[PDB]
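# Breakdown of the fold
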Amino acid sequence: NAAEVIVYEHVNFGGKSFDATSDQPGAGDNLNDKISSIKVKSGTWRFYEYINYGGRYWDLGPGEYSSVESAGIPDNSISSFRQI
Ligand SMILES: [Ca+2]
Ligand SMILES: [Ca+2]
């Protein structure tokens, strides 16, 4: 049940995706300023608008977000995220 989150390039879980089980100070593999949908498999994750956990943040618990905006997150703006 280790914390896990999958981020996607396009809404509705499309495009490039990255399965994270550890903290990402750069938002993963080439997904900086591109994340549009997210799937929190387990744990609670915090998403930051700037790399290295900078700027405003949003905390998302287990569940699926076909559009990051449904989570109050601006589209194509996540730059880093970590478990909390
Ligand atoms: Ca996008
Ligand atoms: Ca950003």
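So, how was this worked out
- Residues numbered from 1 in each chain as written, not as in the entry; some residues may be left out.
- Chains lettered and ligands numbered in written order.
- Heavy atoms only, no water.
- Pairing = 2+ DSSP bridges.
- Helix = DSSP H or I, 4+ residues; strand = E, 2+ residues; numbered from the N terminus.
- Axes fitted to C-alpha atoms, helices over the stretch in contact; angles between N-to-C directions.

As documented in the archive entry, the model was determined using X-ray crystallography at 1.860 Å resolution.

Taken together, the five bridges between strand 1 (residues 4–10) and strand 3 (residues 37–42) define a ladder with antiparallel strand orientation. When the sheet's bridge partners are listed, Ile6 is paired in strand 3 with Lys39. Pairing analysis gives five bridges linking strand 1 to strand 2 (residues 14–20), with the strands arranged antiparallel. Its bridge partner being in strand 2, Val5 is matched across the sheet by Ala20. In sequence, strand 1 turns back onto strand 2 through a hairpin of three residues, with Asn12 there showing a positive phi of about 60°.

A few words now on the sheet that holds strand 2. In any sheet, the strands associate via hydrogen bonds between backbone groups, in a parallel or an antiparallel arrangement. The strand order across the open sheet built from four strands is 2-1-3-6, with neighbouring strands paired in antiparallel fashion. Two strands close off the open sheet at either side, each with one partner strand: strand 2 and strand 6 (63–65). This sheet shows a mean twist of 10° between the axes of neighbouring strands, independent of strand direction.

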